[PDB]
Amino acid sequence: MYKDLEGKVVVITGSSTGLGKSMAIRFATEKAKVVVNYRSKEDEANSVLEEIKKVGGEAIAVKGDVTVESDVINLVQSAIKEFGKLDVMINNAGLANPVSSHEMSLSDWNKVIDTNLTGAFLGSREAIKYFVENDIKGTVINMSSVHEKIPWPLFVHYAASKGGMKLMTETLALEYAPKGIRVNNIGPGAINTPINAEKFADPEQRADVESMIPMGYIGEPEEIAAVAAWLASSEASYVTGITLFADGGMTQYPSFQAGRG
């Protein structure tokens, strides 16, 4: 769909499953060269790779833990070494577990901050460092959430990490705009990914989540991948520093429908 994406090299962290996987497939379909990333063992990665071959795409899988500085540095270098360059960096890896705020251990807090925020910082730093030293007008896309705006009891660490990601992205966008480097956030609402297959499997929970979505339905991963592909393209040439929410209207205060209150 986007002619300018043909031949671009795209790196996506945590792309062996969920949204990361869908984006990897979408970019392959746009004929871009993709670098898939997995954490423990090359296995879930192979499923994505076969999906990419199925569409005639070209890609490789690189192991790396985004909380380990050398792994992130190596990930970026692997792209340049294998395909000769880097055009788009997508920081997507993330995690979260519920815990009452006053009972949350420092350990749980750090794990989420390190993965969701610091991991994205490291990825952004390495990509931009490369763009600057080689005068490339590349782009960085950071995966955020409606929760960089909507507070989230039981997930104070996750909300904080995304609120922080917002200011990080806006700062990087301003700092490097003069060099043509664009930095944007994507803010997904409730999406139908494997990690949510169980909660949404239960009809009482599913209906509960749907009641918080004005459009009335849980989004599909492809609806997010479409956003990432557009933001990466030249069609979005004058867009930088924003957070594009794709949430079915979730950030518009669902509890106020019907002029209630």
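Each residue number is its position in the shown sequence, starting from 1.
The deposited model assigns a higher average Cα B-factor to 189-197 than to the other stretch when 189-197 and 23-31 are compared. Taking the mean C-alpha B-factor of each stretch as recorded, 75-83 and 108-116 are not equal, and the higher mean is that of 75-83. Out of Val146, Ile136, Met165, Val156, it is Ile136 whose C-alpha atom has the highest B-factor in the PDB entry. When the CA B factors of the chain's modelled residues are split into thirds, the value for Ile90 lands in the lowest one. In the PDB entry, a CA B factor belonging to the highest third of its chain's modelled residues is recorded for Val68. Among all modelled residues in its chain, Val99 ranks in the middle third by Cα B-factor. In this PDB entry, the Cα temperature factor of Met215 sits in the middle third of its chain's modelled residues.
Ranked within its chain, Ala127 lands in the middle third, by CA B factor from the PDB record.
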